[PDB]
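**Student:** With the input below, show me the fold.
(one chain, ligands or ions: 2)
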Amino acid sequence: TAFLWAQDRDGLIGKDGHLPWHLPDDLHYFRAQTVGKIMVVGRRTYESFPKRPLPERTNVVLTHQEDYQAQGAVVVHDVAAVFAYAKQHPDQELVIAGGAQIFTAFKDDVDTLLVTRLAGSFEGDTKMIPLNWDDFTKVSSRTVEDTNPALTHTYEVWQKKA
Ligand SMILES: NC(=O)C1=CN([C@@H]2O[C@H](COP(=O)(O)OP(=O)(O)OC[C@H]3O[C@@H](n4cnc5c(N)ncnc54)[C@H](OP(=O)(O)O)[C@@H]3O)[C@@H](O)[C@H]2O)C=CC1
Ligand SMILES: COc1cc(Cc2c[nH+]c(N)nc2N)cc(OC)c1OC
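**Tutor:** Numbers count the residues shown, from 1 in each chain. Ligands and ions are numbered 1, 2, ... in the order given. Next up is the structure itself:
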């Protein structure tokens, strides 16, 4: 169970469906970070995504309906079931992809946190949930500059201590 999202300096994520900042280098970070892993996206994000499902990537949708028809992409309606699959897959763990609703239900059960902090500052109404950074420790961090002052950003990966 890991969290994988992107936020600006204030900690924004996405406003009204489409993200607030257009960062091409971030999308690659999202795909590369979920290659061969289970991608949990709530019915709101999966419905807002641009190209679904991802190529050679495990994607799971979360919804409260019972007739959700999605051939090619996994489908579940209870975090309890999703937690089972990852425990049963020896090569596909549980990775969260959002949106905010999915970061809250899994906030208690977290194992790895992946956040992208951009240098630019955007505004909106939906932001990432309150994570306990004090209980986790960043094990890997990479900063990359870009021709655009705001499109600049860093990748932070954390792990839960025991
Ligand atoms: N920074 C980032 O990484 C990401 C950011 N974003 C931004 O966030 C927005 C989405 O945030 P938010 O408004 O919170 O919505 P979400 O996209 O997080 O909504 C998740 C949906 O999943 C379903 N769901 C949630 N919990 C459960 C559960 N326990 N059982 C069953 N179904 C469940 C609900 O759908 P239902 O209506 O079917 O019950 C819920 O509306 C995106 O539009 C985008 O702007 C989106 C993805 C990633
Ligand atoms: C991989 O493509 C998208 C991915 C996301 C979610 C997302 C983005 N970036 C990061 N770092 N984590 C995420 N979960 C949101 C999108 O739009 C809101 C996308 O389409 C541009």
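**Student:** Could you report the neighbour count for residue 108?
**Tutor:** 9 (other C-beta atoms under 10 Å). (C-beta placed from N, C-alpha, C; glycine too.)
**Student:** Next up, the contacts around residue 128.
**Tutor:** By C-beta atoms under 8 Å, 6 or more residues apart in numbering, residue 128 lies in contact with 5, 7, 11, 12, 13, 100, 103, 115.
**Student:** my guess is the last one meets residue 2, correct?
**Tutor:** Put plainly, it is residue 115. No - Residue 115 lies out of contact with residue 2 (C-beta atoms under 8 Å); the separation is 10.9 Å.
**Student:** near ligand 1 too, which of the contacts of residue 128?
**Tutor:** For ligand 1, the contacts drawn from the contacts of residue 128 by C-beta under 6 Å from any ligand atom are 5, 7, 13, 100.
**Student:** out of those, who has the most neighbours?
**Tutor:** residue 5 leads these on contacts (other C-beta under 10 Å) with 24 neighbours.
**Student:** Just list whatever residues bridge to that one.
**Tutor:** Per DSSP bridges, the residues bridged to residue 5 are residue 115.
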